[PDB]
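Engineer: Pasting in a structure now, in structure tokens, and then I'll have a few things to ask.
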Amino acid sequence: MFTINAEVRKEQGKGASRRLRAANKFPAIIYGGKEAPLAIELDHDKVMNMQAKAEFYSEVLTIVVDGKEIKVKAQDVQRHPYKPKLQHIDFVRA
Amino acid sequence: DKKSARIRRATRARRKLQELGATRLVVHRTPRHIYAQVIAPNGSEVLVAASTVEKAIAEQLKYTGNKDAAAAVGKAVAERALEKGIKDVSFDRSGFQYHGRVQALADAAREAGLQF
Amino acid sequence: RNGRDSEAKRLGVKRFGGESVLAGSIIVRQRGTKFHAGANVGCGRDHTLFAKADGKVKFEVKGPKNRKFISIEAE
Amino acid sequence: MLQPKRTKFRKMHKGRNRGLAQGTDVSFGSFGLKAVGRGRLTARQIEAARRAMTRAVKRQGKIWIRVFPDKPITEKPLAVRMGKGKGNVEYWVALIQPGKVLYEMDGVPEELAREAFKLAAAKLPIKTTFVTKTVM
Amino acid sequence: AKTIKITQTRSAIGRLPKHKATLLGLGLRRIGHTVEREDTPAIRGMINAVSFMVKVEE
RNA sequence: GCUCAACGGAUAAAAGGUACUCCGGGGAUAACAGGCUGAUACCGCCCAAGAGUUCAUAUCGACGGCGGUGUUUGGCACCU
RNA sequence: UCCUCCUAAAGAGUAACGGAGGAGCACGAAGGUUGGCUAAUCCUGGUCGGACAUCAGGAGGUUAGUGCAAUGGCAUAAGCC
RNA sequence: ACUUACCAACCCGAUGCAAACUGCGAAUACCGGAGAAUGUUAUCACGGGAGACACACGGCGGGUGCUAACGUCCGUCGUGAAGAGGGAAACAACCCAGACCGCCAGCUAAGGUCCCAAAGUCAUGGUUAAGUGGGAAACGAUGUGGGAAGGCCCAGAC
RNA sequence: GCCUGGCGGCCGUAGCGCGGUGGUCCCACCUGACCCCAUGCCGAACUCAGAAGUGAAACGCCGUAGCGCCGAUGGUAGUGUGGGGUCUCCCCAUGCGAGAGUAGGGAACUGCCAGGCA
């Protein structure tokens, strides 16, 4: 039931990702199925308050990117070590 | 395992002959056949092969798999190998004792002109 | 109770890959057979690998144990 | 006090304490006392903090000490010159990086876990925080 | 035949020996020494190596 | 034919005292004092188990933690 | 004085009254070659016989061995006959 | 032979640590080959003359020390030594920069522009009121600016 | 074309485990041993003379992913050069960029020669 608005990452690597997290976002990827993996940038606060729920890790999510909808499921989250924030999320298609 | 024990007996002389780079006459003794084949120094390709499963050899024998059969095979490999310009090989006994019918095969290959 | 060490033996690879050698040249002075002898390479008494023919040094990985051979290409 | 039962060598080099930690999630228990500062922790500080916790949430609950010392720290005596060997093994520390869950606790309410972890984080030299068991 | 123009913009005093060698490879002698070279990836790699102390213009 | 083992081996063959001492040197190198440091020392604070008939914080404060000072014992050997 | 590991910063080398150990030999077979063979440990059964001496079978995989330290090697065995 | 709040091998699942652990493994460095441009042969060999073999600090990787020392011992690079000039008040070694000579000429680097003292008491938008700026921690606190949420609430909440 | 044997390439996407199947030829077990030869005892092994019997074991082939094995994309760690800070540790620009893990792949592929069957 969660709708997560995303964009496509035109840049990647550690420079671009650390630039992207200082701007209060974080990178993510949608892989799985037969399609190519999709690099995605996500707003941070929406996803953090959203993942405070338990249903974020169990229910099918919907990610809106370029006006499409990809029904994914949250595979695996890298968190920051000592701060309450996120580094990255793997989303498997569903 | 008997076959695996034989292969690890073979391995030293095999790798030594691949190291020197000599054309090898590989023998193979089975309880009712003997097999003999001349193999190029790259190890992949054969040149000459005779054995007792060939009816050209087997029809003129009483029993495939004794010393008379093996002498027939050694004579055959020496003849065919001299017909194909091969003169000087190195004998790969292939894990068997050089005693019985591999000795008969190799002696028969030395009588009929093959240089080892 | 301490304070001793031996003199450094200067092991290792003396000629690297693609490096042209003369016959007799030591390629890898080493301690066991960390590197094994391949084509046109001999292994000395202290497992020193030396060029037995002229050519180029060829480091390879062969066989069922993934050993590190050293061949020499004729050149 | 915690100390390895049997080492392999008595004296270790200093070395450095860089980068982030490996034990990061609350694994065994339900609430965790996670490091934020770098530092290092002697066995006396781990014991002091564990007694503060065990007292605080009485003999109910279950507490896991997720760090272990296993690093010997040598000191030279007083009025001894420099040189003449490495010192003597005085205590044992664990090296901590930002992210280590130093302790875990289960079988209490969260408000007692806050209370015991406050009581015991004041016996440690590093800045510390409270974490919960997050699900993936 | 593009002939990029390269200028030295900082001193080469406390520099690594590799960077002084690279500035000698480019042919730069003092600060504000405009020197034109061909635009090949070898020259470009030299400009990349000392990019903190050469202003390039094309 | 050498524990020539002080193992590139001064001789085939060699221990000490000097406050009765002497000469050339050295702040290359110690003792005093300064300097740097602050382990130690002294002073202060944080947590609070407990003692205080009850009551942690009137007064003390275990297990531990963080500083300050340059007052001890030191470390170094920068000045002489 | 000499050997091995670490320090030693993935070529070599690299210091300290830094952390750890060894050598000052042995062997006429323990060397050469040819032919062959494959360990430790545990389980089960079995006279004396026992936690552990021999036998047989199984699991196991070189955790074994290498004349003597440690490191690197070793099954094609460099191990064992 | 019968009971047992005690400990516990091996095996399995999960969690860490290692200079003298490695079924993985960079960047860099090093060795070799080819190619272009640049460099006053910068390279190698041989011969004449040396000096020097007390180094210092600073960055990075380390040992020792207390991750103490303007400490000590290495590796590597820079500077001093043997290098002036400008800056950091003053300050070998830090930042900028390498002085052939002259000039009462211009442009700049680090660093700066209120007065000592050359140059903005410049422009726009915020923040702090502590002279913070212009020493010093654990820890304490309705100081104050910003951000995302949340409980209750004009069936009247604080 | 299918099967089997030999010698190689390759060295776990190739090995393990569980299940099924094969013997006309081939292979294996087998039969016998006074001889060739052999056992620190023993034809168990080695060897020789054979071919009655079985594919039980072995070996091959076909399934099956329980495991081993391979393995992206992304992010993280590290790091060369230049710069910065609150500087026992980190940050910025920039170049390189893992290990582990995830999705997934996966019960090999192939050359020469020889024999049997169609």
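By convention here, the chains of the structure tokens are called A, B, ... in the order presented, each chain's residues are numbered starting at 1, and ligands are numbered starting at 1 in the order presented.
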Taking 6 positions as the minimum chain separation for residues in the same chain, which residues sit within 10 Å of residue 4 in chain A when counting only C-alpha atoms (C1' of nucleotides)? Answer as an NGL selection string.

Structural biologist: :A and (42-43 or 46-47 or 50 or 61-65 or 69-70)

Engineer: Restrict the selected residues to N, CA and C atoms and save them as a short mmCIF file (atom, residue, chain, number, x, y, z; two decimals), in the first residue's frame.

Structural biologist:
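Saved as out-v5.cif:
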```
data_model
loop_
_atom_site.label_atom_id
_atom_site.label_comp_id
_atom_site.auth_asym_id
_atom_site.auth_seq_id
_atom_site.Cartn_x
_atom_site.Cartn_y
_atom_site.Cartn_z
N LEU A 42 15.92 8.00 -3.96
CA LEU A 42 14.72 8.05 -3.11
C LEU A 42 14.89 9.15 -2.12
N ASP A 43 13.78 9.84 -1.80
CA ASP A 43 13.77 10.81 -0.71
C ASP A 43 13.97 10.08 0.59
N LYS A 46 10.75 10.31 3.84
CA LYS A 46 9.53 9.61 3.56
C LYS A 46 9.74 8.10 3.78
N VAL A 47 10.87 7.60 3.28
CA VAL A 47 11.17 6.20 3.35
C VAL A 47 11.58 5.81 4.77
N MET A 50 8.42 5.71 6.71
CA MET A 50 7.67 4.61 6.13
C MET A 50 8.19 3.26 6.62
N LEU A 61 5.40 -3.22 -2.06
CA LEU A 61 5.50 -1.77 -2.26
C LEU A 61 5.25 -1.42 -3.72
N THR A 62 5.01 -0.16 -3.97
CA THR A 62 4.86 0.36 -5.33
C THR A 62 5.76 1.58 -5.46
N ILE A 63 6.66 1.54 -6.44
CA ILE A 63 7.60 2.62 -6.64
C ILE A 63 7.24 3.31 -7.92
N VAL A 64 7.02 4.62 -7.83
CA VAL A 64 6.65 5.42 -8.97
C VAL A 64 7.89 6.11 -9.49
N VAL A 65 8.34 5.68 -10.67
CA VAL A 65 9.53 6.24 -11.29
C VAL A 65 9.20 6.54 -12.76
N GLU A 69 4.85 2.56 -12.56
CA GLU A 69 4.68 1.93 -11.25
C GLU A 69 5.31 0.57 -11.32
N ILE A 70 6.23 0.30 -10.39
CA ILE A 70 6.89 -0.99 -10.31
C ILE A 70 6.58 -1.56 -8.95
#
```

Engineer: Could you write out as a ChimeraX atom specification the residues of chain D within 9 Å of chain I, counting only C-alpha atoms (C1' of nucleotides)?

Structural biologist: /D:16-20,38

Engineer: Dump N, CA, C and O atoms for the selected residues as a PDB file, in the first residue's frame?

Structural biologist:
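Done, and the output landed in again.pdb:
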```
ATOM      1  N   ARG D  16      46.181   0.370  14.845  1.00  0.00           N
ATOM      2  CA  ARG D  16      45.315   1.534  14.843  1.00  0.00           C
ATOM      3  C   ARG D  16      43.903   1.080  14.925  1.00  0.00           C
ATOM      4  O   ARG D  16      43.606  -0.110  14.844  1.00  0.00           O
ATOM      5  N   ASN D  17      43.007   2.022  15.106  1.00  0.00           N
ATOM      6  CA  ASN D  17      41.577   1.693  15.231  1.00  0.00           C
ATOM      7  C   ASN D  17      40.839   2.505  14.219  1.00  0.00           C
ATOM      8  O   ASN D  17      40.343   3.539  14.534  1.00  0.00           O
ATOM      9  N   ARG D  18      40.797   2.071  12.976  1.00  0.00           N
ATOM     10  CA  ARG D  18      40.116   2.832  11.949  1.00  0.00           C
ATOM     11  C   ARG D  18      38.837   2.106  11.447  1.00  0.00           C
ATOM     12  O   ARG D  18      38.590   0.939  11.730  1.00  0.00           O
ATOM     13  N   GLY D  19      38.053   2.896  10.741  1.00  0.00           N
ATOM     14  CA  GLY D  19      36.876   2.455  10.063  1.00  0.00           C
ATOM     15  C   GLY D  19      35.762   2.138  10.991  1.00  0.00           C
ATOM     16  O   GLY D  19      35.818   2.427  12.155  1.00  0.00           O
ATOM     17  N   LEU D  20      34.696   1.568  10.405  1.00  0.00           N
ATOM     18  CA  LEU D  20      33.433   1.356  11.102  1.00  0.00           C
ATOM     19  C   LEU D  20      33.413  -0.023  11.621  1.00  0.00           C
ATOM     20  O   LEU D  20      34.354  -0.774  11.384  1.00  0.00           O
ATOM     21  N   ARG D  38      34.674   6.208  19.055  1.00  0.00           N
ATOM     22  CA  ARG D  38      35.664   5.243  18.747  1.00  0.00           C
ATOM     23  C   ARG D  38      36.274   4.554  19.934  1.00  0.00           C
ATOM     24  O   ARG D  38      35.843   3.431  20.293  1.00  0.00           O
TER      25      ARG D  38
END
```

Engineer: Would you mind listing what lies within 8 Å of range 30-32 of chain C as a VMD selection string, with only C-alpha atoms (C1' of nucleotides) counted and same-chain residues fewer than 2 positions away left out?

Structural biologist: (chain C and resid 11 to 13 28 34 46 to 48) or (chain G and resid 72 to 73)

Engineer: One number please: CA of residue 91 in chain D to CA of residue 72 in chain D, in Å, one decimal.

Structural biologist: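 Separation between CA of residue 91 in chain D and CA of residue 72 in chain D: 6.0 Å.
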
Engineer: Let me make sure I understand: among D:21, D:112, D:56, D:82, which one has the smallest atom-to-atom distance to residue 72 in chain H if we use only C-alpha atoms (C1' of nucleotides)?

Structural biologist: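 Of D:21, D:112, D:56, D:82, the one nearest residue 72 in chain H, counting only C-alpha atoms (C1' of nucleotides), is D:82.
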
Engineer: Per residue of chain B within 12 Å of chain C, note the shortest atom pair and the distance in Å to one decimal, counting only C-alpha atoms, and order the rows by chain and increasing residue number, as JSON lines.

Structural biologist:
```
{"residue": "B:15", "atom": "CA", "partner": "C:38", "partner_atom": "CA", "distance": 10.9}
{"residue": "B:16", "atom": "CA", "partner": "C:39", "partner_atom": "CA", "distance": 11.4}
{"residue": "B:18", "atom": "CA", "partner": "C:39", "partner_atom": "CA", "distance": 9.5}
{"residue": "B:19", "atom": "CA", "partner": "C:39", "partner_atom": "CA", "distance": 7.0}
{"residue": "B:20", "atom": "CA", "partner": "C:39", "partner_atom": "CA", "distance": 9.1}
{"residue": "B:21", "atom": "CA", "partner": "C:39", "partner_atom": "CA", "distance": 9.7}
```

Engineer: Compile a residue-level contact table for chain H against chain A at a cut-off of 12 Å, reporting for every qualifying residue the shortest atom pair and its distance in Å to one decimal, with only C-alpha atoms (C1' of nucleotides) counted, rows ordered by chain and ascending number, as CSV.

Structural biologist:
```
residue,atom,partner,partner_atom,distance
H:147,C1',A:45,CA,9.7
H:148,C1',A:45,CA,6.3
H:149,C1',A:49,CA,7.3
H:150,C1',A:49,CA,10.8
```

Engineer: Give me the residues within 12 Å of residue 68 in chain G as number ranges by chain, counting only C-alpha atoms (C1' of nucleotides) and dropping any in the same chain fewer than 5 places off.

Structural biologist: G: 22-23, 25-26

Engineer: Dump C-alpha atoms (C1' of nucleotides) for the selected residues as a PDB file, in the first residue's frame?

Structural biologist:
```
ATOM      1  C1'   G G  22      66.329 -22.243  16.622  1.00  0.00           C
ATOM      2  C1'   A G  23      71.847 -23.675  14.886  1.00  0.00           C
ATOM      3  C1'   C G  25      74.891 -31.027  13.393  1.00  0.00           C
ATOM      4  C1'   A G  26      73.175 -35.913  11.732  1.00  0.00           C
TER       5        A G  26
END
```

Engineer: Find the residues of chain D that sit at most 8 Å from chain F; for each, write down the nearest two atoms and how far apart they are in Å, to one decimal. Count only C-alpha atoms (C1' of nucleotides). Sort by chain, then by number going up, and give it as a Markdown table.

Structural biologist:
```
| residue | atom | partner | partner_atom | distance |
| --- | --- | --- | --- | --- |
| D:44 | CA | F:64 | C1' | 7.3 |
| D:45 | CA | F:64 | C1' | 5.9 |
| D:48 | CA | F:63 | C1' | 5.4 |
| D:49 | CA | F:64 | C1' | 7.4 |
| D:51 | CA | F:63 | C1' | 7.9 |
| D:78 | CA | F:74 | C1' | 6.5 |
| D:79 | CA | F:74 | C1' | 5.2 |
| D:81 | CA | F:75 | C1' | 6.8 |
| D:82 | CA | F:75 | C1' | 7.5 |
| D:119 | CA | F:47 | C1' | 6.7 |
| D:122 | CA | F:47 | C1' | 5.1 |
| D:123 | CA | F:64 | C1' | 4.7 |
| D:124 | CA | F:65 | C1' | 6.1 |
| D:125 | CA | F:65 | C1' | 6.0 |
```

Engineer: Dump N, CA, C and O atoms for the selected residues as a compact mmCIF listing (two decimals), in the first residue's frame?

Structural biologist:
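Done, and the output landed in result19.txt:
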```txt
# COMPACT_ATOMS: atom_id res chain seq x y z
N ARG D 44 37.68 -3.91 32.86
CA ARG D 44 37.08 -3.33 34.02
C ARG D 44 35.89 -2.44 33.70
O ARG D 44 34.95 -2.34 34.54
N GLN D 45 35.88 -1.80 32.56
CA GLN D 45 34.80 -1.00 32.16
C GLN D 45 33.64 -1.86 31.66
O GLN D 45 32.45 -1.51 31.82
N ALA D 48 32.20 -3.26 34.96
CA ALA D 48 31.50 -2.20 35.68
C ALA D 48 30.16 -1.92 35.04
O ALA D 48 29.12 -1.77 35.78
N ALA D 49 30.15 -1.77 33.73
CA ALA D 49 28.90 -1.54 33.05
C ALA D 49 27.95 -2.74 33.14
O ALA D 49 26.71 -2.57 33.21
N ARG D 51 27.69 -4.82 35.65
CA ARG D 51 27.10 -4.82 36.98
C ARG D 51 26.05 -3.73 37.13
O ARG D 51 25.08 -3.91 37.86
N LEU D 78 57.05 2.60 36.81
CA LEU D 78 57.47 3.97 37.04
C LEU D 78 58.98 3.98 37.31
O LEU D 78 59.55 2.99 37.84
N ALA D 79 59.62 5.08 36.93
CA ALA D 79 61.09 5.25 37.02
C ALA D 79 61.86 4.18 36.33
O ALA D 79 62.87 3.71 36.80
N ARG D 81 63.52 3.63 32.42
CA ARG D 81 63.89 4.35 31.22
C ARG D 81 63.15 3.79 30.02
O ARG D 81 62.46 2.80 30.08
N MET D 82 63.32 4.46 28.89
CA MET D 82 62.85 3.95 27.62
C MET D 82 63.82 2.88 27.08
O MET D 82 65.00 2.80 27.42
N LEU D 119 22.35 3.82 32.92
CA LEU D 119 23.13 3.60 34.13
C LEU D 119 24.49 3.06 33.79
O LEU D 119 25.42 3.31 34.54
N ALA D 122 27.42 5.29 31.57
CA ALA D 122 28.17 6.24 32.36
C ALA D 122 29.35 5.61 33.05
O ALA D 122 30.00 6.23 33.87
N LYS D 123 29.63 4.34 32.70
CA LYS D 123 30.82 3.65 33.18
C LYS D 123 31.84 3.40 32.09
O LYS D 123 32.92 2.97 32.39
N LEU D 124 31.52 3.72 30.85
CA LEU D 124 32.26 3.55 29.61
C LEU D 124 32.85 4.88 29.17
O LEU D 124 32.26 5.92 29.40
N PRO D 125 34.00 4.87 28.51
CA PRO D 125 34.56 6.05 27.96
C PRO D 125 34.07 6.54 26.62
O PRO D 125 34.46 7.67 26.23
```

Engineer: Got a sec to pull out which chain D residues are within 10 Å of chain A, counting only C-alpha atoms, and send them as JSON, numbers by chain?

Structural biologist: {"D": [20, 21, 22, 23, 24, 25, 34, 35, 36, 37, 97, 98, 99, 100, 101, 128, 129, 130, 131, 134, 135, 136]}

Engineer: Can you pull out the residues contacting range 36-43 of chain E? Cut-off 9 Å, using only C-alpha atoms (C1' of nucleotides), and skip same-chain residues under 4 positions away; I want them as a PyMOL selection string.

Structural biologist: (chain E and resi 1-7+25-26+47-48) or (chain H and resi 36-37)

Engineer: Would you tabulate, counting only C-alpha atoms (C1' of nucleotides), all residues of chain I that have an atom at most 8 Å from an atom of chain B, showing the closest pair of atoms and their distance in Å to one decimal, sorted by chain then ascending number, as CSV?

Structural biologist:
```
residue,atom,partner,partner_atom,distance
I:6,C1',B:28,CA,7.5
I:7,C1',B:44,CA,6.6
I:8,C1',B:44,CA,4.3
I:9,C1',B:44,CA,7.6
I:36,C1',B:100,CA,7.1
I:37,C1',B:99,CA,7.6
I:47,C1',B:100,CA,6.9
I:48,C1',B:100,CA,7.6
I:49,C1',B:66,CA,7.8
I:111,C1',B:44,CA,7.1
I:112,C1',B:45,CA,4.4
I:113,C1',B:46,CA,5.8
I:114,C1',B:49,CA,7.3
I:115,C1',B:53,CA,6.2
```

Engineer: Per residue of chain I within 12 Å of chain E, what are the shortest atom pair and its distance in Å to one decimal, counting only C-alpha atoms (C1' of nucleotides), with rows by chain and residue number, as JSON lines?

Structural biologist:
```
{"residue": "I:80", "atom": "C1'", "partner": "E:49", "partner_atom": "CA", "distance": 10.6}
{"residue": "I:81", "atom": "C1'", "partner": "E:49", "partner_atom": "CA", "distance": 7.4}
{"residue": "I:82", "atom": "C1'", "partner": "E:52", "partner_atom": "CA", "distance": 6.1}
{"residue": "I:83", "atom": "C1'", "partner": "E:52", "partner_atom": "CA", "distance": 9.7}
{"residue": "I:93", "atom": "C1'", "partner": "E:52", "partner_atom": "CA", "distance": 10.6}
{"residue": "I:94", "atom": "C1'", "partner": "E:48", "partner_atom": "CA", "distance": 10.0}
{"residue": "I:95", "atom": "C1'", "partner": "E:48", "partner_atom": "CA", "distance": 9.5}
```

Engineer: What is the distance, in Å and to one decimal place, between CA of residue 64 in chain D and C1' of residue 50 in chain F?

Structural biologist: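 Computing the Euclidean distance for CA of residue 64 in chain D and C1' of residue 50 in chain F yields 25.8 Å.
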
Engineer: If you measure from CA of residue 68 in chain C to CA of residue 35 in chain C, what distance in Å do you get, rounded to one decimal?

Structural biologist: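 According to the coordinates, CA of residue 68 in chain C and CA of residue 35 in chain C are separated by 5.1 Å.
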
Engineer: Step one, run DSSP on the backbone; step two, keep only residues of range 36-90 of chain A assigned to helix (DSSP H, G or I); then write them as a VMD selection string.

Structural biologist: chain A and resid 44 to 51
